[PDB]
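*Asks:* Dropping the structure in here first, questions after.
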Amino acid sequence: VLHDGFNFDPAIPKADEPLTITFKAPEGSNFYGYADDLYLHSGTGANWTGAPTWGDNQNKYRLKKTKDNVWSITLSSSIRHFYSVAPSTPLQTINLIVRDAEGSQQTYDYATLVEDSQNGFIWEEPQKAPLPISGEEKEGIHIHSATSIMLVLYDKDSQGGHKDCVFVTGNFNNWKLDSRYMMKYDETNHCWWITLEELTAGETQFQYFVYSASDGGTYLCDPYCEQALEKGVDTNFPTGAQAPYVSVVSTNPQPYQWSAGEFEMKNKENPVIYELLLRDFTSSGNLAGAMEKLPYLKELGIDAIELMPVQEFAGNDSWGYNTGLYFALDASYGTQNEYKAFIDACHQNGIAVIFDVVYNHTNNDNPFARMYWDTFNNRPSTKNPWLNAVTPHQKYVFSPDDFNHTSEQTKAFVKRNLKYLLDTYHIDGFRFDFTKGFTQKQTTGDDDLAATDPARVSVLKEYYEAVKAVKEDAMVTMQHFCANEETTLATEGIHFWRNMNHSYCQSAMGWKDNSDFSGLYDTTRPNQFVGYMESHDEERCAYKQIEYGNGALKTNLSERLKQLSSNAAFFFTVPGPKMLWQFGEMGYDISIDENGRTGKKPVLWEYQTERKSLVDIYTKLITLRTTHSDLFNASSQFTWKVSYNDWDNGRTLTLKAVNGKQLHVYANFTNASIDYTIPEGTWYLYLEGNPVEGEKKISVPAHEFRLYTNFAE
Ligand SMILES: OC[C@H]1O[C@H](OC[C@H]2O[C@H](O[C@H]3[C@H](O)[C@@H](O)[C@@H](O[C@H]4[C@H](O)[C@@H](O)[C@@H](O[C@H]5[C@H](O)[C@@H](O)[C@@H](O[C@H]6[C@H](O)[C@@H](O)[C@@H](O)O[C@@H]6CO)O[C@@H]5CO)O[C@@H]4CO)O[C@@H]3CO)[C@H](O)[C@@H](O)[C@@H]2O[C@H]2O[C@H](CO)[C@@H](O)[C@H](O)[C@H]2O)[C@H](O)[C@@H](O)[C@@H]1O
Ligand SMILES: OC[C@H]1O[C@H](O[C@H]2[C@H](O)[C@@H](O)[C@@H](O[C@H]3[C@H](O)[C@@H](O)[C@@H](O[C@H]4[C@H](O)[C@@H](O)[C@@H](O[C@H]5[C@H](O)[C@@H](O)[C@@H](O)O[C@@H]5CO)O[C@@H]4CO)O[C@@H]3CO)O[C@@H]2CO)[C@H](O)[C@@H](O)[C@@H]1O
Ligand SMILES: OC[C@H]1O[C@H](O[C@H]2[C@H](O)[C@@H](O)[C@@H](O[C@H]3[C@H](O)[C@@H](O)[C@@H](O[C@H]4[C@H](O)[C@@H](O)[C@@H](O[C@H]5[C@H](O)[C@@H](O)[C@@H](O)O[C@@H]5CO)O[C@@H]4CO)O[C@@H]3CO)O[C@@H]2CO)[C@H](O)[C@@H](O)[C@@H]1O
Ligand SMILES: [Ca+2]
Ligand SMILES: [Mn+2]
């Protein structure tokens, strides 16, 4: 009798006996009805000792077809002799891939356990025992003492099944599988657990080996670790450990001393948000480099820094939209305490901190993925309780590992992670990446995906309410781009990205086509829409000038900075929260496609002095929202003429406070001077408080604006 996949004679592989491996292709699978022989790509232990060169078709690697959909191979003399393993090396796992002769079609990483009598690895029945703790955050790493930690690993698949055993391996047992480090299973709580005793204080490194007869075994780290080494990044990644991740825990942490107490976001109803990628914001690409620039951002007058994703992402050179671990921040930007110090410094400068967080998808490195994996199709198992096997929204497939947001396990994980980041890092709110992806509906395009999904609306409220329960003044922004759902969710106090990049690129270039600014201001709830001329996802307004500008806007820096300054006068002057992408204030004009869309960008701090005239305008316009905040109250009456038809005679905006304060802006986006009659009144050129007669007529040069207040300071 044969199960689907790999079968073993002897049933329990023995390191020092021969082994017959029989592979049975399951129905639908890619070798189902395959006619020819298959080949074995295999090796022992974490790093596949003795693996051949991919495609080596020596007879010793041939699996003979013995029946329909059944192939067999014998590892002769012994397993140890087959892989040339030394007699005193514990041989505890065998990793198996079957492939065609061409090395084109294949199965994916699988392992089984090997008993090594000769070296003292004898199998034992795993014990059942009750979890000795209770409560809502049972899973993960509990520091019991300087010398002991309890590990708790959730294990229940979507078919109600679980693994057969779990070993903990690490620096404490030289990365071996050992019967003393077998976790006990609690069937009521659906958790493996163990206490590691007799650790030396300092740093414990570990991973799990999880095993079932039906799934085989796999190495994975703890999803709740706060610190991880990643193989290919950390030079000290342990030799005995398998890629990708090793969990790190200190039983004696040096705990960060937070300054003073109580931080509140300034201008909290309508903040100016600076979107920052640590990788490209400074030459050092890290927190320490960014910390040197907090004085610059404070003077700029911003209310909040939005950090592009800092949760552990694949490798160390990324935008961050490829999260492998959610409770560990990426050590390429710095240590846990450097993240706290950076956030503390922001706070001490008056600046809030928002984390960009990515819950649509994770990657193949996530323990949640590795726990229940399909080794035939290289994607999450259909039994995976957190992840979809196949992305429901086929228009947008950013990784193989799409979260199921109708899973209770997924929802509990996201809420616990949002609470963790608020409690540990003292952050001020969240920008949720791609909330449109929090859906189980089968779709193939933009319109079917964008149609209302009441379950998507419902889970986004749940996530919002979970954040508010922890910090009632936390700012929750969602990158959604689904109009009907945004109306419902904006009513609850959720903020939404309002993408005005297209219009302000067109105006920056001097093209009136599709230049309508009006989408920046939602007339119903202007404070719920975070409007931007630029984001990390879009082309730079100052780059489009160079590539496609009308006339002098291609070549004349002076004129380009005037036009970008006029854009800003039609942006920071508008009620509701606003976002700028790093260096827009200094006319950053490298194409998004330079060095590839997500590639490292040039770091051009010399632009801060060479385009200081634009930095000054941004600073004054942003600072105006602090010094005259009563003007930008959403109660203020706001009117503007910013359509396709508002061009040859200028664009206008007037903002009128209930207390009688007024702001008026005129701009000429054209390539020629235009005559304008200032509206009636006594006006000051606030960016210069020198008075100006209203009902008076001026010539406004190409690309320039005039800003007027009916107050002098
Ligand atoms: O380490 C390897 C590698 O991994 C990474 O790559 C992952 C991807 O990252 C990036 O994509 C991100 C965005 O940055 C993020 O902001 C977010 O953006 C999504 C939106 O959430 C989603 O809604 C959708 O937007 C659509 C929109 O829905 C639709 O309605 C319309 O909207 C317009 C409208 O048409 C218009 O009228 C106007 O009103 O404005 C609207 C707003 O635009 O069109 C929108 C845009 O199409 O899509 C966007 C993204 O475009 O979420 C994603 C993912 O979290 C990168 O931009 C992307 O290139 C990366 O994918 C790359 O890598 C993948 C595998 O690794 C691969 O599958 C993919 O093909 C490949 O290109 C890291 O971040 C890298 O740094 C790293 O090296
Ligand atoms: O420090 C030791 C060592 O560590 C790292 O390599 C080890 C891996 O971390 C470990 O997983 C294991 O690698 C396995 C691999 O996981 C497994 O999938 C298989 O790899 C096959 C692919 O399956 C197969 O498709 C083919 O891959 C091609 C790929 O198709 C092609 O598109 C292109 O990208 O190149 C690939 C390479 O030929 O072949 C590979 C096998 O080559 O088997 C692997 C084991 O052989 O063990 C690795 C070695 O210990 C580090 O990456 C390595 O530098 C370090 O020396
Ligand atoms: O009346 C005759 C003429 O009128 C119209 O064309 C003129 C436009 O009205 C005018 O604004 C100006 O066009 C600008 C355009 O507004 C501006 O955006 C820029 O266009 C660039 C894009 O910015 C750039 O991204 C790229 O667009 C590509 C895109 O990358 C690609 O993926 C795909 O979508 O195709 C697009 C090209 O179709 O390149 C364009 C440049 O082609 O600069 C434009 C001017 O260079 O000038 C137009 C006349 O030159 C009508 O549109 C036209 O049909 C009539 O013939
Ligand atoms: Ca990383
Ligand atoms: Mn999704």
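*Asks:* Condition first: within 16 Å of ligand 2 (Cβ to nearest atom) and in contact with a strand residue (DSSP E or B) (Cβ under 8 Å, 6 or more places away or on another chain). Can you find one or more residues in the stretch 294-305 that meet it?
*Replies:* Of all residues in the stretch 294-305, those within 16 Å of ligand 2 (Cβ to nearest atom) come to none.
The answer is no; no qualifying residue exists.
*Asks:* Can you tell me how many residues in the stretch 359-402 are within 14 Å of ligand 2 (Cβ to nearest atom), crowded, with 22+ Cβ neighbours inside 10 Å and either among the hydrophobic types (A, V, I, L, M, F, W, C) or at positive phi (or both)?
*Replies:* Looking only at that region, the number is 1.
*Asks:* State which residue is nearest to ligand 4 (Cβ to nearest atom) when the search covers only the stretch 296-344 and only residues that are of a type in the set (V, I, T) and out of contact with any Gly (no Cβ under 8 Å at 6 or more places or on another chain).
*Replies:* Residues of the stretch 296-344 that are of a type in the set (V, I, T), as a first pass: 302, 305, 310, 323, 335, 343.
So of that shortlist, the ones also out of contact with any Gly (no Cβ under 8 Å at 6 or more places or on another chain) come out as 302, 305, 323, 335, 343.
Values: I302: 28, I305: 21, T323: 9, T335: 14, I343: 20 Å.
Checking each candidate, the answer is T323.
*Asks:* A further question follows. Taking the stated definitions as given, is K441 surrounded by fewer than 18 Cβ atoms within 10 Å (Cβ to Cβ) and part of a loop (DSSP other than H, G, I, E, B)? Talk me through it step by step, then tell me what you get.
*Replies:* Numbers: surrounded by fewer than 18 Cβ atoms within 10 Å (Cβ to Cβ): yes; part of a loop (DSSP other than H, G, I, E, B): yes.
Taking the combined requirement at face value, the residue satisfies it.
*Asks:* What residue, among those in the stretch 566-588 that are in contact with a helix residue (DSSP H, G or I) (Cβ under 7 Å, 6 or more places away or on another chain), assigned to a helix (DSSP H, G or I) and within 18 Å of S518 (Cα to Cα), is nearest to ligand 1 (Cβ to nearest atom)?
*Replies:* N567
*Asks:* Just checking, which of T22, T44 is within 35 Å of the chain's Cα centre (by Cα), surrounded by 16 or more Cβ atoms within 10 Å (Cβ to Cβ) and of a type in the set (V, I, T)? Please lay out each step first, then the result.
*Replies:* Details: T22 fails: within 35 Å of the chain's Cα centre (by Cα).
After ruling out the rest, the residue left standing is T44.
*Asks:* Counting only residues that are among the hydrophobic types (A, V, I, L, M, F, W, C) and over 20 Å from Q92 (Cβ atoms), which one in the stretch 238-261 is nearest to ligand 1 (Cβ to nearest atom)?
*Replies:* Checking each candidate, the answer is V248.
*Asks:* Go through the stretch 677-713 residue by residue and tally those that are of a type in the set (A, V, I, L, M, F, W, C) and not in a loop (DSSP other than H, G, I, E, B). So that I can check it myself, show each step before the final result.
*Replies:* Just the residues of the stretch 677-713 that are of a type in the set (A, V, I, L, M, F, W, C), to begin with: 678, 683, 685, 687, 692, 698, 700, 702, 705, 707, 711-712.
In the following step, the residues that additionally are not in a loop (DSSP other than H, G, I, E, B) were identified as 683, 685, 692, 698, 700, 705, 707.
Total satisfying the criteria: 7.
*Asks:* What residue, of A101, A111, is within 17 Å of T44 (Cα to Cα) and within 40 Å of the chain's Cα centre (by Cα)? Even if it seems obvious, please write down each step before you answer.
*Replies:* Working: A101 fails: within 17 Å of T44 (Cα to Cα).
None of the other options fit; the residue is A111.
*Asks:* Residue by residue through the stretch 527-553, note down the ones that are touching a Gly at 6+ places or on another chain (Cβ under 6 Å), surrounded by fewer than 20 Cβ atoms within 10 Å (Cβ to Cβ) and not in a loop (DSSP other than H, G, I, E, B).
*Replies:* Result: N527, single match.
*Asks:* Report yes if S458 is away from ligand 4 (no atom under 16 Å from the Cβ) and touching a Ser or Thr at 6+ places or on another chain (Cβ under 6 Å), otherwise no. Working first, answer last.
*Replies:* Values: away from ligand 4 (no atom under 16 Å from the Cβ): yes; touching a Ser or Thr at 6+ places or on another chain (Cβ under 6 Å): no.
No: the conditions fail for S458.
*Asks:* List every residue pair whose Cβ atoms sit under 6 Å apart, with the two residues 6 or more apart in sequence or on different chains, where the first one lies in the stretch 547-565 and is closer than 18 Å to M533 by Cβ and away from ligand 5 (no atom under 16 Å from the Cβ) and the second, anywhere, is part of a loop (DSSP other than H, G, I, E, B) and among the basic types (K, R).
*Replies:* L561/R611
*Asks:* Next question. Give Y321, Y326, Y359 a once-over and let me know the one that is under 19 Å from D423 (Cβ atoms), in contact with a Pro (Cβ under 8 Å, 6 or more places away or on another chain) and aromatic (F, W, Y). Before the answer, list the steps.
*Replies:* Numbers: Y321 fails: under 19 Å from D423 (Cβ atoms); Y359 fails: in contact with a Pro (Cβ under 8 Å, 6 or more places away or on another chain).
Criteria check complete, one pass: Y326.
*Asks:* Here's a follow-up. From the list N366, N360, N337, which residue is of a type outside the set (F, W, Y) and over 30 Å from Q159 (Cβ atoms)?
*Replies:* On the way: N366 fails: over 30 Å from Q159 (Cβ atoms); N360 fails: over 30 Å from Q159 (Cβ atoms).
Residue meeting the stated conditions: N337.
*Asks:* Pick from the stretch 204-237 the residues that are farther than 15 Å from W192 by Cβ and in contact with a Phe, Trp or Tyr (Cβ under 8 Å, 6 or more places away or on another chain): which of them is surrounded by the fewest Cβ atoms within 10 Å (Cβ to Cβ)?
*Replies:* Start the filter on the stretch 204-237 by keeping residues that are farther than 15 Å from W192 by Cβ, which leaves 204-205, 213-214, 216, 225-237.
Remaining after also requiring in contact with a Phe, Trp or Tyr (Cβ under 8 Å, 6 or more places away or on another chain): 204, 216, 225-226, 228-231.
Numbers: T204: 22, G216: 21, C225: 21, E226: 19, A228: 26, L229: 21, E230: 24, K231: 15.
If we take residues in the stretch 204-237 being farther than 15 Å from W192 by Cβ and in contact with a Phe, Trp or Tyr (Cβ under 8 Å, 6 or more places away or on another chain), then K231 is surrounded by the fewest Cβ atoms within 10 Å (Cβ to Cβ).
*Asks:* Name every residue in the stretch 643-656 that is surrounded by fewer than 17 Cβ atoms within 10 Å (Cβ to Cβ) and out of contact with any strand residue (DSSP E or B) (no Cβ under 8 Å at 6 or more places or on another chain), in order of residue number.
*Replies:* Listed by number, the residues that qualify are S643, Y644, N645.
*Asks:* Inspect all residues belonging to the stretch 244-254 and state whether any of them is assigned to a loop (DSSP other than H, G, I, E, B), surrounded by fewer than 22 Cβ atoms within 10 Å (Cβ to Cβ) and in contact with a helix residue (DSSP H, G or I) (Cβ under 9 Å, 6 or more places away or on another chain). Write out each step before concluding.
*Replies:* First pass over the stretch 244-254, keeping only residues assigned to a loop (DSSP other than H, G, I, E, B): 244, 251-254.
From what is left, the residues that are surrounded by fewer than 22 Cβ atoms within 10 Å (Cβ to Cβ) are 251-254.
Applying the additional criterion that residues be in contact with a helix residue (DSSP H, G or I) (Cβ under 9 Å, 6 or more places away or on another chain) yields 253-254.
Yes, some residue in the stretch 244-254 is assigned to a loop (DSSP other than H, G, I, E, B), surrounded by fewer than 22 Cβ atoms within 10 Å (Cβ to Cβ) and in contact with a helix residue (DSSP H, G or I) (Cβ under 9 Å, 6 or more places away or on another chain).
*Asks:* Select, from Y420, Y359, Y396, the only residue that is hydroxyl-bearing (S, T, Y) and away from ligand 5 (no atom under 14 Å from the Cβ).
*Replies:* Values: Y359 fails: away from ligand 5 (no atom under 14 Å from the Cβ); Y396 fails: away from ligand 5 (no atom under 14 Å from the Cβ).
None of the others qualify; the one that does is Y420.
*Asks:* Kindly check whether there is at least one residue in the stretch 676-697 that is among the basic types (K, R) and either out of contact with any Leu (no Cβ under 6 Å at 6 or more places or on another chain) or within 25 Å of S515 (Cα to Cα) (or both). Full working, then the answer.
*Replies:* Within the stretch 676-697, the subset among the basic types (K, R) is 696-697.
From what is left, the residues that are either out of contact with any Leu (no Cβ under 6 Å at 6 or more places or on another chain) or within 25 Å of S515 (Cα to Cα) (or both) are 696-697.
Scanning the stretch 676-697 turns up at least one residue that is among the basic types (K, R) and either out of contact with any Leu (no Cβ under 6 Å at 6 or more places or on another chain) or within 25 Å of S515 (Cα to Cα) (or both).
*Asks:* Regarding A304, is this residue touching a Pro at 6+ places or on another chain (Cβ under 6 Å), farther than 22 Å from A369 by Cα and more than 16 Å from ligand 5 (Cβ to nearest atom)?
*Replies:* Working: touching a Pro at 6+ places or on another chain (Cβ under 6 Å): yes; farther than 22 Å from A369 by Cα: yes; more than 16 Å from ligand 5 (Cβ to nearest atom): yes.
For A304, the condition - touching a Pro at 6+ places or on another chain (Cβ under 6 Å), farther than 22 Å from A369 by Cα and more than 16 Å from ligand 5 (Cβ to nearest atom) - is met.
*Asks:* Which numbered condition in (1) out of contact with any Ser or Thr (no Cβ under 9 Å at 6 or more places or on another chain); (2) of a type outside the set (D, E, K, R); (3) over 24 Å from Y208 (Cβ atoms) is the only one that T22 fails?
*Replies:* For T22, the exception is condition (1).
*Asks:* Also, quick follow-up: Which of (1) more than 29 Å from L297 (Cβ to Cβ); (2) surrounded by 12 or more Cβ atoms within 10 Å (Cβ to Cβ); (3) of a type in the set (G, A, S) is the odd one out, the single condition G660 does not satisfy?
*Replies:* In the conditions (1) more than 29 Å from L297 (Cβ to Cβ); (2) surrounded by 12 or more Cβ atoms within 10 Å (Cβ to Cβ); (3) of a type in the set (G, A, S), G660 misses (2) alone.
*Asks:* Do we have any residue at all in the stretch 403-418 that's closer than 23 Å to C221 by Cα and touching a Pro at 6+ places or on another chain (Cβ under 7 Å)? Write out each step before concluding.
*Replies:* In the first step, residues of the stretch 403-418 are kept if they are closer than 23 Å to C221 by Cα; the result is 403-405, 407-418.
So of that shortlist, the ones also touching a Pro at 6+ places or on another chain (Cβ under 7 Å) come out as 407, 409.
Within the stretch 403-418 (the criterion being closer than 23 Å to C221 by Cα and touching a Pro at 6+ places or on another chain (Cβ under 7 Å)), the answer is yes, since at least one residue qualifies.
*Asks:* Against the definition (in contact with a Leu (Cβ under 9 Å, 6 or more places away or on another chain), closer than 13 Å to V357 by Cα and in a helix (DSSP H, G or I)), how does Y420 come out, yes or no? Full working, then the answer.
*Replies:* Working: in contact with a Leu (Cβ under 9 Å, 6 or more places away or on another chain): no; closer than 13 Å to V357 by Cα: yes; in a helix (DSSP H, G or I): yes.
No.
*Asks:* Further question on the same structure: Among strands (runs of 3 or more DSSP E) lying entirely in the stretch 118-235, which contain 1 or more residues that are hydroxyl-bearing (S, T, Y)? Step through it out loud before you land on a result.
*Replies:* Numbers: elements: 140-145, 148-154, 165-170, 184-186, 191-196, 203-212, 216-220, 228-230.
By residue number, 140-145, 148-154, 165-170, 184-186, 191-196, 203-212, 216-220.
*Asks:* Does the stretch 609-625 contain any residue that is farther than 19 Å from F705 by Cβ and in contact with a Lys or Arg (Cβ under 9 Å, 6 or more places away or on another chain)? Steps first, please.
*Replies:* To start, the set of residues in the stretch 609-625 that are farther than 19 Å from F705 by Cβ comprises 609-610.
Going one step further and asking which of them are in contact with a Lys or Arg (Cβ under 9 Å, 6 or more places away or on another chain), we end up with none.
No, every residue in the stretch 609-625 fails to be farther than 19 Å from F705 by Cβ and in contact with a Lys or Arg (Cβ under 9 Å, 6 or more places away or on another chain).
*Asks:* Residues that are of a type in the set (S, T, N, Q) and touching a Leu at 6+ places or on another chain (Cβ under 9 Å): which strands (runs of 3 or more DSSP E) entirely in the stretch 13-103 hold 2 or more of them? Explain how you work it out, then say what you get.
*Replies:* Values: elements: 19-24, 38-44, 62-67, 70-75, 93-99.
Correct list: 19-24, 38-44, 70-75.
*Asks:* When you go through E559, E547, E485 one by one, which is the residue that is over 21 Å from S591 (Cα atoms) and of a type in the set (D, E, K, R)?
*Replies:* Details: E559 fails: over 21 Å from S591 (Cα atoms); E547 fails: over 21 Å from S591 (Cα atoms).
Going through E559, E547, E485 in turn, just one is over 21 Å from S591 (Cα atoms) and of a type in the set (D, E, K, R): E485.
*Asks:* In this structure, does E306 turn out to be among the acidic types (D, E), closer than 22 Å to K471 by Cα and buried (at least 19 other Cβ atoms within 10 Å of the Cβ)?
*Replies:* Numbers: among the acidic types (D, E): yes; closer than 22 Å to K471 by Cα: yes; buried (at least 19 other Cβ atoms within 10 Å of the Cβ): yes.
Here the answer is yes, as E306 does meet what is asked.
Values in this text are rule-based calculations from the coordinates and carry no lab data. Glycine gets a Cβ as well: all are built from the backbone with ideal geometry, and neighbour counts include every protein chain shown.
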